[PDB]
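Quick note: numbers below take in every heavy atom, side chains included, and nothing from hydrogens, waters or symmetry partners. Position 1 is the first residue of the sequence, and the numbers go up from there.
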Amino acid sequence: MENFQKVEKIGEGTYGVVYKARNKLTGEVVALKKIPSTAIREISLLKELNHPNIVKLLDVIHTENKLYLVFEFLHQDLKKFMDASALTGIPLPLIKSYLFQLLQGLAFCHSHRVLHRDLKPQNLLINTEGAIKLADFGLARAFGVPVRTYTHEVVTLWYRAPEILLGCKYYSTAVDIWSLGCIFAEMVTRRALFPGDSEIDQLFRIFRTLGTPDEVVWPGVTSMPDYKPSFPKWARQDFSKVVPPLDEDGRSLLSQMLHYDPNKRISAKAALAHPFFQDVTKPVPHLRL
Ligand SMILES: NC(=O)c1ccc(C(=O)Nc2cc(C3CC3)[nH]n2)cc1
């Protein structure tokens, strides 16, 4: 770590602090994340998982019981970009380009059987060129998803798939498609889709919009560990009310990304072929750094 000069603190992650820093040997500006043998091997497998829409893991440094991850640095995250674009909204062509690139990132990781498990706007990073990249891919399998961060901050439930909330222990790549669907809806409407503040509030917000799931829409739901027959039965809402002014192609794609049954939920690869992307382009965002 004597090879890095900290520039500034860029945030507090789930596992530890994130700094912007300079590598003295190469002159490289990086993001430094300050975090057991099983974690070392898993994190080392991530150094190989390279794609233009995945924040590059440059190095893993393990010294004096501390783990440091050295990543490619990007100048802004999607959460801050969405807040900065609150008054006007992010233009639809830019939302579509970001969704398309995020799906490419997911299709790549999922093809290598690597799940993210904790996608959220905070871990989507953007640059001046119009790229968007997924950060922290693979970290949840290495260290777990805790209730609170190292600073006691509450880990957000807003993008959590219903099978995780219902106690499925062996979840699939579909959990990342659900989280990305929630993010897509939030970019369009400028409001979080399901801003739960407890596990039951998160689940009941999903049920109030998509309908309480049953054996018809989700075979096996009633046998899930945390399912309770006493859950209230709410009716499903039309997407036309949920995500206006999203067009019919976008609403149909979103509906497939939010299917209750993870087996029915669209894959990233199939989502890339959706008619919503017929006119996709790569616009340049308005970024003042
Ligand atoms: N708006 C701003 O000043 C702003 C917001 C976010 C960032 C940011 O998190 N950057 C990062 C993080 C990373 C890898 C995952 C560790 N690479 N790059 C930097 C600057």
Side-chain angles (χ1 to χ4, degrees), residues 10-11 13-14 18 28-31 33 43 45-59 69-82 85 90-142 159 161 172-188 250 253-254 256-257 265-274 276-287:
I10 65 175
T14 307
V18 189
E28 207 171 16
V29 163
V30 303
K33 198 174 198 278
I43 303 296
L45 293 172
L46 302 168
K47 293 189 282 179
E48 290 202 300
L49 185 77
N50 295 323
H51 185 275
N53 299 109
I54 301 303
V55 177
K56 188 175 172 57
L57 173 59
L58 308 172
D59 266 306
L69 309 180
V70 188
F71 284 101
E72 161 187 21
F73 180 82
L74 288 89
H75 289 81
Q76 180 57 300
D77 67 61
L78 187 68
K79 175 167 173 48
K80 286 183 198 175
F81 184 66
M82 280 198 298
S85 308
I90 299 165
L92 173 67
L94 186 59
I95 294 177
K96 186 178 291 200
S97 172
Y98 286 168
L99 178 66
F100 188 65
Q101 287 180 69
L102 292 167
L103 288 166
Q104 289 176 52
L106 263 71
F108 172 75
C109 290
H110 294 173
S111 78
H112 294 282
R113 309 158 302 278
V114 177
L115 290 72
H116 187 297
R117 305 174 169 84
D118 195 26
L119 282 185
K120 56 199 159 183
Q122 261 170 33
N123 57 38
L124 302 181
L125 306 180
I126 62 174
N127 68 19
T128 55
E129 311 289 350
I132 185 164
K133 302 194 193 199
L134 296 119
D136 296 359
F137 237 98
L139 304 191
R141 188 173 167 85
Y159 309 95
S172 75
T173 57
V175 303
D176 293 335
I177 293 292
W178 176 275
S179 301
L180 186 56
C182 290
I183 294 170
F184 175 27
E186 180 170 351
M187 288 195 276
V188 170
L253 175 59
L254 181 65
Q256 299 192 113
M257 296 180 79
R265 203 173 296 150
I266 200 166
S267 67
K269 187 169 166 183
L272 289 169
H274 196 278
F276 185 62
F277 300 113
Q278 188 264 342
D279 64 352
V280 72
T281 64
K282 191 193 186 178
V284 357
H286 190 277
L287 282 190

Query - Heavy-atom donor-acceptor pair, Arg117 side chain to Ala140 backbone, under 3.5 Å - result: no

query = If we only count heavy atoms from C-beta on, is the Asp77 to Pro121 side-chain gap below 4.5 Å?
reply = no

Would you call the rings of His110 and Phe137 parallel, tilted or perpendicular, taking 30° and 60° as the class edges? perpendicular

Distance col, row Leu253:CG vs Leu272:CG, nearest 0.5 angstrom, shows 9.5 Å

Separation between CD (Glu129) and NZ (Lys282), nearest 0.5 Å, reads 7.0 Å

- Query: Under 3.5 Å, is there a donor-acceptor pair linking the side chains of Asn53 and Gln101?
  - Reply: yes

One should read off an interatomic distance between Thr128 OG1 and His286 NE2, to the nearest 0.5 angstrom, of 12.5 Å

Do the rings of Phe81 and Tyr98 sit parallel, tilted or perpendicular, given the 30° and 60° boundaries? perpendicular

Next on the checklist: Apply side-chain contact (heavy atoms from CB on, under 4.5 Å) to residues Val188 and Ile95 and explain how you reach the verdict.
Outcome noted: CA-CA 7 Å; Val188 170; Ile95 294 177; 4.3 Å; yes

Q.
Within the 4.5 Å heavy-atom criterion, are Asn50 and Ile54 side-chain neighbours or not?
A. no

Pair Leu99-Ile183, side-chain contact (heavy atoms from CB on, under 4.5 Å): steps then yes or no:
CA-CA 9 Å; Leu99 178 66; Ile183 294 170; over 6 Å; no

All heavy atoms of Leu125 vs all of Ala135, minimum pair found to be CD1-CB, 4.0 Å

Could you check if a side-chain atom of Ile43 sits within less than 4.5 angstrom of a side-chain atom of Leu57, using non-hydrogen atoms only? yes

Point to revise | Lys56 NZ/CZ over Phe71 ring centroid, <6.0 Å and within 45° of normal | key: no

So do the side chains of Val55 and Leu134 get within less than 4.5 Å of each other, counting heavy atoms only? no

Going by heavy atoms in the side chains, are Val114 and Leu46 under 4.5 Å from each other? yes

query = With the threshold set at 4.0 Å, does a side-chain nitrogen-carboxylate oxygen contact exist between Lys47 and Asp59?
reply = no

Q. Going through the checks in order, is the side-chain contact (heavy atoms from CB on, under 4.5 Å) test met by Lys33 and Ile10?
A. CA-CA 10 Å; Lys33 198 174 198 278; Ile10 65 175; over 6 Å; no

Practice item. Output yes when a side-chain donor or acceptor of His51 lies under 3.5 Å from a complementary backbone atom of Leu106, and no otherwise. Key: no

Original post:
Is any side-chain heavy atom of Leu124 closer than 4.5 Å to a side-chain heavy atom of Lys133?
Top reply: no

| query | Does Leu103 reach the side chain of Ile177, with side-chain heavy atoms less than 4.5 Å apart? | reply | yes

Does a side-chain heavy-atom distance below 4.5 Å link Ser267 with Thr173?
no

To the nearest 0.5 Å, atom CG of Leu139 lies from atom CG of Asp118 at 10.0 Å

When every non-hydrogen atom of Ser97 is compared with those of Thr281, the smallest separation belongs to CB-O, 3.2 Å

Taken to the nearest 0.5 Å, the spacing of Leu58 CG from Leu69 CG works out to 10.5 Å

In this structure, NZ of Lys80 is separated from OG of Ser85 (nearest 0.5 Å) by 13.5 Å

Show your working on side-chain contact (heavy atoms from CB on, under 4.5 Å) between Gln256 and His274 and close with a plain yes or no. CA-CA 10 Å; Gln256 299 192 113; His274 196 278; 3.8 Å; yes

Nearest heavy-atom approach of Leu254 to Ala185 is CD2-CB, 4.1 Å

Fill in: Side-chain donor or acceptor of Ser179 paired with backbone N/O of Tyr159 under 3.5 Å
yes

